[PDB]
Amino acid sequence: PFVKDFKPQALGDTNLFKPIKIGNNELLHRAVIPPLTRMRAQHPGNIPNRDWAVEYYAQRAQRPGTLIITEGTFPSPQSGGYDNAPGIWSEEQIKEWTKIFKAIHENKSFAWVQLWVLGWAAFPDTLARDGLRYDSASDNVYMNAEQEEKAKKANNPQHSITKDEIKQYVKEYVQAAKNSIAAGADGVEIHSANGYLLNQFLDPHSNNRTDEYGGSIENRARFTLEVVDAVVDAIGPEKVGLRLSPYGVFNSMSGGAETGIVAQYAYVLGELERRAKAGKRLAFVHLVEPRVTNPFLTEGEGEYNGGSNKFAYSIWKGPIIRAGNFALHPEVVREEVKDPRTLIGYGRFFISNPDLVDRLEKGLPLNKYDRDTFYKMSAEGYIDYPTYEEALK
Ligand SMILES: Cc1cc2nc3c(=O)[nH]c(=O)nc-3n(C[C@H](O)[C@H](O)[C@H](O)COP(=O)(O)O)c2cc1C
């Protein structure tokens, strides 16, 4: 069951096992569950899975004081376009989320909803079935030839969203954030990473707009910062986080090939620190490491060695969550958690190790993960990974 080419290291003696306050939540350790889409939500409805989702989250909440960031969750139908990712717009969805949050809170852990808006990564034929637009920054740059063929075959060509449609998305983020908090979530994370709609605005490849949402660093950051401002004004800065992937190439983003990419992200972080100095500091910034430029590639592939997220620490002075290939690299974690405001997100190995925090504390072998069940409508590879003690039996 265990990864064979990995020699574990106990991290119990590091800042990974020191408490830290994040927003309203007193974490007992700094191992974070990053958002992990599992495609078990039910359709019609985009309902969090009524058989399994509670169990899945409860298992991973088992170490008290754990911050859990939910899978990407759609604020509205128009935000979506994947049938088996959950939403948080409807009473049927909110009923299931409430049970999830209850389960996480019964284990004295924390639940943060990631708010996800797809843009050009949506399936345009699924959107067309539901009478929805296929939305992005650009009126003419497609994510790839496959997306362009699907959009044209469905007569659902990519729509460059207008100012009024941007404002509607901001209102949907706000309402979805309020639904999250009312249902019991500890906070929300705004997904501005991995090539989805807000990242499509930030990135100069995807954004060739000629209005105030494109054509400059400041203009490409506008949508992301309007969402952050609206959600912070609605629910409070202590209940809001942001996720960015400066070096990501997933979903046809530029990454380090774009020489202006660090300036673009530096500007976003500077504007967050400016808000913080005005009394509105976000709970955290969540950065994907250049260790993982594409989460569809195996650990050690799609590594970008040309850049680092260290710049972020000179600009943003709040908590930073870093994710990307850390589970198999405790020697890297031991160095990175020397910084007293650094938390570590563990994605793939939290899929396969519900007791990952115990295993990092004590230096236990890790369960291998089964990539074939990352996105399958199955309990198998979802709620049937064993704890270390179960694995030894
Ligand atoms: C199956 C899977 C689903 C993911 N879903 C999401 C998602 O919903 N939102 C998001 O921001 N990142 C998502 N990611 C990216 C992870 O949060 C993480 O940044 C990435 O897996 C790298 O960390 P790791 O090496 O520890 O797995 C996903 C990754 C995987 C493998």
Side-chain angles (χ1 to χ4, degrees), residues 23-25 33 35-61 68-107 109-119 122-123 126-133 135 165-191 196-198 227 230-236 238-241 375 377 379 382-383:
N24 290 137
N25 297 155
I33 314 194
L36 293 160
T37 289
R38 302 305 305 284
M39 299 301 192
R40 267 78 175 175
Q42 296 178 283
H43 199 264
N46 297 80
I47 300 164
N49 191 285
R50 292 170 160 142
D51 297 314
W52 308 321
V54 164
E55 183 150 17
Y56 171 72
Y57 282 113
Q59 287 175 357
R60 283 152 190 78
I68 308 184
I69 310 168
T70 73
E71 62 210 281
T73 304
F74 302 142
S76 67
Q78 180 62 76
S79 302
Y82 304 151
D83 285 343
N84 299 113
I88 196 162
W89 71 84
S90 74
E91 293 300 318
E92 294 161 46
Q93 292 159 343
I94 288 163
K95 180 182 334 296
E96 294 317 317
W97 282 120
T98 302
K99 289 183 186 100
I100 289 161
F101 305 151
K102 199 154 350 215
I104 293 167
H105 289 150
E106 277 161 12
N107 286 275
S109 285
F110 309 107
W112 285 66
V113 173
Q114 187 188 61
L115 298 178
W116 195 20
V117 175
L118 299 186
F123 298 138
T126 306
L127 289 171
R129 175 193 74 196
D130 294 341
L132 297 168
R133 302 188 308 258
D135 285 338
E165 290 158 350
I166 289 162
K167 293 344 194 326
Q168 180 64 27
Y169 273 116
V170 172
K171 288 172 168 179
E172 293 174 354
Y173 273 110
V174 170
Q175 181 67 52
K178 290 189 151 213
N179 292 348
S180 297
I181 298 308
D186 294 281
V188 303
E189 181 184 80
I190 296 158
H191 190 349
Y196 298 100
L197 181 66
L198 293 182
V227 174
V231 174
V232 163
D233 284 349
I235 66 169
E238 73 280 8
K239 303 190 185 184
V240 181
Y375 307 113
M377 186 57 70
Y382 191 54
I383 54 164

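Just the heavy atoms: all of them, side chains too, but no hydrogens, waters or symmetry mates, feed the values below. Residue numbers run from 1 in the order of the sequence given.
Taking every heavy atom of both residues into account, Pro35 and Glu189 meet most closely at CG-OE1, 3.7 Å. Nearest heavy-atom pair, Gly81 versus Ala122, reported as atom, atom and distance to 0.1 Å: CA-CB, 4.3 Å. Nearest heavy-atom pair, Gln93 versus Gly45, reported as atom, atom and distance to 0.1 Å: NE2-O, 2.8 Å. Of all heavy-atom pairs between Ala103 and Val54, the closest is CB-CG1, 3.8 Å. Minimum interatomic distance between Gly72 and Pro86 (heavy atoms only, all atoms of both residues): O-CD, 3.6 Å. Closest approach of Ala58 to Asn107, counting heavy atoms only: O-ND2, 4.0 Å.
To the nearest 0.5 Å, atom NZ of residue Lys171 and atom CD1 of residue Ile166 are 13.0 Å apart. Note that CG of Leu132 is 5.5 Å distant from CG of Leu127, once rounded to the nearest 0.5 Å. Of the inter-residue distances, the one linking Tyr57 atom OH with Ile383 atom CD1 reads 13.5 Å to the nearest 0.5 angstrom. One finds the CZ atom of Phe101 at 9.0 Å from the CD1 atom of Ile94 (value rounded to the nearest 0.5 Å). Taking CE of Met377 as the start and CE of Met39 as the end, the distance is 9.5 Å to the nearest 0.5 Å.
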Start with the C-alpha distance between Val117 and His191, add both sets of side-chain angles, then the distance that settles side chain to side chain contact (heavy atoms under 4.5 Å, CB included), and finish with yes or no. CA-CA 8 Å; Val117 175; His191 190 349; over 6 Å; no
As a quick check of understanding, evaluate side chain to side chain contact (heavy atoms under 4.5 Å, CB included) for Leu118 and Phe123, giving each step before the final call. CA-CA 9 Å; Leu118 299 186; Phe123 298 138; over 6 Å; no
Apply salt bridge (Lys or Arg N to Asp or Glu O under 4.0 Å) to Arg133 and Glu165, showing your working. CA-CA 11 Å; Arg133 302 188 308 258; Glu165 290 158 350; 3.6 Å; yes
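A distance below 6.0 Å separates the ring centres of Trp116 and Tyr196.
Panel note: side chain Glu238, backbone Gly23; no donor-acceptor pair is recorded below 3.5 Å. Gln42 places no side-chain N or O within 3.5 Å of a backbone atom of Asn84 that could act as its donor or acceptor partner. Formation of a donor-acceptor pair under 3.5 Å by the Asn49 side chain with backbone atoms of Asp51 is found in this model. Judged by distance alone, the side chain of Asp186 and the main-chain N or O of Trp112 form no donor-acceptor pair under 3.5 Å. Between the side chain of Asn46 and the backbone N or O of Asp83 there is at least one donor-acceptor pair closer than 3.5 Å. Not one N or O on the side chain of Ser90 forms a donor-acceptor pair closer than 3.5 Å with the backbone of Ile88. Side chain of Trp97 to main chain of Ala185: no donor-acceptor pair is present (N/O by atom type, distance under 3.5 Å, no hydrogens or angles). The backbone N or O of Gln114 sits less than 3.5 Å from a side-chain atom of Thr70, completing a donor-acceptor pair.
For the side chain to side chain contact (heavy atoms under 4.5 Å, CB included) test, no residue two or more places apart in sequence or in another chain qualifies with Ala182. Under the rule for a side chain to side chain contact (heavy atoms under 4.5 Å, CB included), the partners of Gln175 that lie at least two apart in sequence or sit in another chain are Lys178, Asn179. Taking the side chain to side chain contact (heavy atoms under 4.5 Å, CB included) definition, one finds that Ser109 meets it with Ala61, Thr66, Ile104, sequence neighbours left out. Taking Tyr173 as the reference, nothing meets the ring-ring contact (aromatic ring centres under 6.0 Å, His included) condition, with sequence neighbours excluded. Partners of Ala177 under the side chain to side chain contact (heavy atoms under 4.5 Å, CB included) rule, at least two apart in sequence or in another chain, are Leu115, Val188, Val231, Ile235.
The only member of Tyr56, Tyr375, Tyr382 that meets side-chain hydrogen bond (donor to acceptor under 3.5 Å, both in side chains) when paired with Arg38 is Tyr56.
Annotation: side chain of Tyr169 is not in contact with side chain of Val227 (no heavy-atom distance under 4.5 Å). Contact check for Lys239 versus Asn24: side-chain heavy atoms found under the 4.5 Å cut-off. Contact annotation: the side chain of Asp130 never approaches that of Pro77 to less than 4.5 Å [non-hydrogen atoms, C-beta and beyond].
Among residue pairs with one or both ends in residues 88-99, those qualifying as salt bridge (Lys or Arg N to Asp or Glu O under 4.0 Å) are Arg50-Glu96, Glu96-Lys99; sequence neighbours excluded.
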